[PDB]
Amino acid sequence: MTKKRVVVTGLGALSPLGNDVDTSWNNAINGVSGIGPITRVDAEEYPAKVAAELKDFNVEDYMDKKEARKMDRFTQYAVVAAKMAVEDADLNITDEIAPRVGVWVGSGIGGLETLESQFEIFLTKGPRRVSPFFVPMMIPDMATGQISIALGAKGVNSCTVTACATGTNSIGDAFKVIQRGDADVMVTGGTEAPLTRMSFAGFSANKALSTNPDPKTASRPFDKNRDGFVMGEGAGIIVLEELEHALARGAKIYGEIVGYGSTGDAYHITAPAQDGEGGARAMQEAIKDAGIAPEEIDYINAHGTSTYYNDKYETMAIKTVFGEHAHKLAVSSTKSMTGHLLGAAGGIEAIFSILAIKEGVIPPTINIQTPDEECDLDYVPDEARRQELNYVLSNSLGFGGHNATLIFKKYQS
């Protein structure tokens, strides 16, 4: 009858900023860009010229080659990051607790690279040479499916697919599962491997991607000259745990998740609603969920994708929700450094929000060279800010009108 408290007890990540959480976070707080020339595909025929890729990531350092060969990159990242998160949590998933340990990991795009290569085989060799592994490799739920198997996690089990809101919805949904007592632990987050021919083709065809060839200025959220997002890849996975459970086993606690809000624009298939009204409502739902006043928010990790419409409408939504306080709190987009990881965005950004609180550091928005009159909040430009944080809000305002907000709190007994 009483809501369970839910704390963060482990973090795992692969990002363009590093192949673990520490490296990723350390790079973020020093304003290091993960954006560079596209190498994953031939960029000659695309308007987009840069991307945020994993660097020096060899999957075989983490599993047998034969296991990796039966996983699309998106699943590879999720299994690697999930194992990292569980090891960080020092959680021993035994037969006794397996039914109370679940997995809720989403992907926005799933195994598009596998679909592409398998479709080419279909065209040339026929349907009878399609791989027996094609379907399980391509479907987005196989990140959750493979993590479950790798971990022996037999509890509540799902996969949310909501475009850019994916990682944030997934964490909120997992939070709600534990809150109502249906699991003691959830391994949750987002994963994405969207650097593929069709993905670049598709996000260039609707001009969503920046065509800025200069990696030093391509991703520049809130900058007057921003012109679209820079696509990235990776996974961000956390371990959510019921508080008493965590305390009883001596878990380390990063902080507490206290609010989740989800709304829809009901407006347009790709264009965000005017003045960010849907995003404003999602922030408001999350604030009400956390039981706090808006003034208690110290820092907002913005969605901040560096498109014209997002950054402008998100600024407006923030002003609508926080009024005078909107100019008092700090806002930043770490996509200035990581690029937009799509379905994994909310996962990595949840991790940055959590570490911001734990370590008392706000990561900066880099690359703001020309201020935009319509984006006039404090975006923590250029340099990290050392500061004690009690509450941090993270937005994901995804294509398709999916608005998702999480609120994290410093852990106090």
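The numbering used is simple: start at 1 and walk along the sequence shown.
As the entry records it, the average C-alpha temperature factor is higher for 91 to 99, out of 91 to 99 and 160 to 168.
In this entry, 37 to 45 has the higher mean Cα B-factor, the comparison being between 37 to 45 and 342 to 350. Across the options 106, 236, 255, 232, the residue with the most elevated CA B-factor in the record is 255. The PDB entry assigns the greatest CA B-factor among 228, 189, 323, 278 to 323.
Ranked against the other modelled residues of its chain, the C-alpha B-factor of residue 215 as given in the entry falls in the highest third. Among the modelled residues of the chain, residue 263 sits in the lowest third by CA temperature factor in this PDB entry. Residue 390 sits in the highest third of its chain by CA B factor, as recorded in the PDB entry.
Split the chain's modelled residues into thirds by C-alpha temperature factor. Residue 294 is in the highest one. Looking at the C-alpha B-factors along this chain, the one for residue 248 belongs to the highest third.
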